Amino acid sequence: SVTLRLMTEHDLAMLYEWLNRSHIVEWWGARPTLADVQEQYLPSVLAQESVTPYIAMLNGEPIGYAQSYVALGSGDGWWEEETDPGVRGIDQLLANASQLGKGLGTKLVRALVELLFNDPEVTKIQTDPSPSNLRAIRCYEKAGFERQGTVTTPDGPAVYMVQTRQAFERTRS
């Protein structure tokens, strides 16, 4: 089973290594220096953009990184049409290339979705994989997200996917 813990400052050097692995570099929104990671992913810095970092754990070992964010609190250009403060967005990665395509990502996303719905004010979860990122799209579908359509983001077009609280209630059983 995959669990999630808050990321700390002590995880930054580890995250730096992960973010420079080829399987991560090709998708993650490119090759950050250690200083880049320390300056941008420090939990208190991410907090300023309403972003919460997590480390995914499996059998006592860190296996991935995830982020949740309040869409309404995102930076300029991001989710500019949003009006609901209950909307959360997610992003995630698996650290080890050998562990890709084995269902661990789906387990990670499911764990993150459950955590977020334990915030009573949360109404809906969104994700924004790029159209080219078909593996991520299928992962989110397996985790209970539904493709809505194409949206323009500051990083380019994305396949906008959502999972509502009601949908989670009906499938969690």
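Sequential numbering from 1, following the sequence displayed.
The entry shows a gap from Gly29 to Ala30, with 1 to 3 unmodelled residues of the deposited sequence in between. Looking at 52-60 and 131-139 together, the entry lists the larger mean B-factor for 52-60, computed on C-alpha atoms. The deposited model assigns a higher average Cα B-factor to 99-107 than to the other stretch when 99-107 and 80-88 are compared. Among all modelled residues in its chain, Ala158 ranks in the lowest third by Cα B-factor. Compared with the other modelled residues of the chain, the Cα B-factor recorded for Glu121 ranks in the middle third. The PDB entry assigns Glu114 a C-alpha temperature factor belonging to the lowest third of its chain's modelled residues.
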